[PDB]
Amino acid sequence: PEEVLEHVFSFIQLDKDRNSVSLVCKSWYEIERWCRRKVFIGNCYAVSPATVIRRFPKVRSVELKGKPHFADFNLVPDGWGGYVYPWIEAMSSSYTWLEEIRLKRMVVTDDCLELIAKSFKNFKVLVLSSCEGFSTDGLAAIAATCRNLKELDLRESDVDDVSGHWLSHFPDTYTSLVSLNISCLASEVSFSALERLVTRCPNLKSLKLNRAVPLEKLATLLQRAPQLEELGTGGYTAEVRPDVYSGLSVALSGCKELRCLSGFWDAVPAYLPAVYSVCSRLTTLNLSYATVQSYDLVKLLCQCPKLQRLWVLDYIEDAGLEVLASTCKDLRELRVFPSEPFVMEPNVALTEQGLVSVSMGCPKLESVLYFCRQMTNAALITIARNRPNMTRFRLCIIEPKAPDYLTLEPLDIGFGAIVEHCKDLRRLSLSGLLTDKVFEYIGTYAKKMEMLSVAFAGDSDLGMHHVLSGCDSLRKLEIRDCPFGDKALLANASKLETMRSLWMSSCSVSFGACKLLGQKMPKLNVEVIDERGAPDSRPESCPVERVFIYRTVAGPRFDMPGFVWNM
């Protein structure tokens, strides 16, 4: 074959498969780099713009992630890195046809946004997921210039709030909006501009609003957008009035294609039942910001038989979840957030009986994130016995080093059962009183695990050592405040090359061991992020504040700030 291959290859879109075909023959390597539409870059520092731009020169879509995950826990101080500019500037003159840029935890600035705008004529998709460092001015520029923008998705970013003016720069000739997620903006956009905008966008399919858009106005935008597949409300409070409740209700039943609901800030129980015609076609629901008691959630959930995803505060409760269990036979992912964590005081009656219920009740539960204050190995044993198909399990017990509250034992057989019975468990996040014994379970059993997160657990480096030793599929390992150090870390030095990153903060990894590892391992960047001043100003054997290791073909980076050392 030949130009046939071009056509055969267009059918292949997974990175794994693309990489696979690139390695099958020199000819394939070549046809492939030429006709590859998207690149996934999980770690911006693992390779460089020019290397990417020069393999893969016909790229239409680019995805990039910066800071490690524990940057959400405030464990990576400001300035660390993540600058996206070099990428924009590199692609800025190579990537003429560029359509999408999805960035996760990056630094992004107004001149980045300008440059994106000025250089990509066909530009369509911008998702900035937990980025920072731009302002509504940057948004202005994108609005004013990108004439084919289809998605402007700002999930979870710190924007500089200069002002809502930015939304009016979309010209009147602009119609192509497909997705707009401005939930993180505090700045109040102009309601006229916005409404006028929703109306001339016939393809608008997902609209997610900021708080500043009061519940009273919801109805009006919805009558303008009756094709919405997903909606995130704005403020969801008001004087209780039936003109108001009624306009809402009608507006909502107007959207026969809604599947996704969220927002619900300051929600007034009185005004939830409007959402009910919607309820029964509904796949995702997110009630995270709704601080609304159990019975209210339960009235809402009762009529969502089709529900596949639910994020909810913990205000739902055990009784809550016993309901969900009989109700949503199709639930796939459940996330219970905590309602007030810095109080040690059960303010709700959410225990482990919840999770246990859900898991007998929903044959398709495969993803869980759950904050309770108490737990037992009897629960985890049951949970694991009931959901062999579990693929993501994060548990997060609010008291740390809290043990099974009936036996006082720590939770090792607990999580042992999970790792032993969910042979696809691909992500696992731990807590409770835990000894090196759990890691032995993990390393013996967790063979597909890819991501593991650990805090206040383990006894000695033996723990970390069964993990790098045992876990074949490990990609991300991240750890804080455990008694883990030099030994496991150098004993398993080359595992680090089969892994995307290892992050360790407040552990006991000495500066001496960091140093050695950099030299044993030219190709890892081993980074000591420590804020007390140079590490060599302290004895080699003092634990660094944080060290973050990761493979790279780019070697060491150029934008370290002052409190980061490469080795």
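The numbering used is simple: start at 1 and walk along the sequence shown. So that the term is clear: the rigid core is the largest set of C-alpha atoms that superpose within 1.5 Å between two forms.
Student: Fit on the core, then compare CA atoms: does 339-347 or 440-448 lie farther from this form in 6 other deposited structures of this protein?
Tutor: Farther on average in 6 other deposited structures of this protein: 339-347.
Student: Compare the mean C-alpha B-factor of 110-118 with that of 341-349 as given in the PDB entry, and name the stretch with the higher value.
Tutor: Between 110-118 and 341-349, it is 341-349.
Student: Please compare 371-379 with 299-307 and name the stretch with the higher mean C-alpha B-factor in the deposited structure.
Tutor: Mean B over CA atoms: larger for 299-307.
Student: Which has the highest CA B-factor per the PDB entry: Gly320, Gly432, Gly414, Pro226?
Tutor: The record points to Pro226.
Student: Which listed residue, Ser253, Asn492, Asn389, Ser453, has the largest C-alpha temperature factor in the record?
Tutor: Most elevated C-alpha B-factor of the set, per the entry: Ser253.
Student: Can you tell me whether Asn286 has a C-alpha B-factor in the lowest, middle or highest third compared with the other modelled residues of the same chain?
Tutor: Lowest third.
Student: State the tercile, meaning the lowest, middle or highest third, of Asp160 with respect to the CA B-factors recorded for its chain.
Tutor: Highest third - that is where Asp160 ends up once the chain's C-alpha B-factors are sorted.
Student: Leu524: which third of its chain by C-alpha temperature factor?
Tutor: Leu524: CA B-factor falls in the middle third of its chain.
Student: Thinking about Cα B factors across the chain, which third does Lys124 belong to?
Tutor: According to the entry, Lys124 has a C-alpha B-factor in the chain's lowest third.
Student: Classify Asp459 as lowest, middle or highest third according to the C-alpha B-factor given in the PDB entry, relative to its own chain.
Tutor: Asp459: CA B-factor falls in the middle third of its chain.
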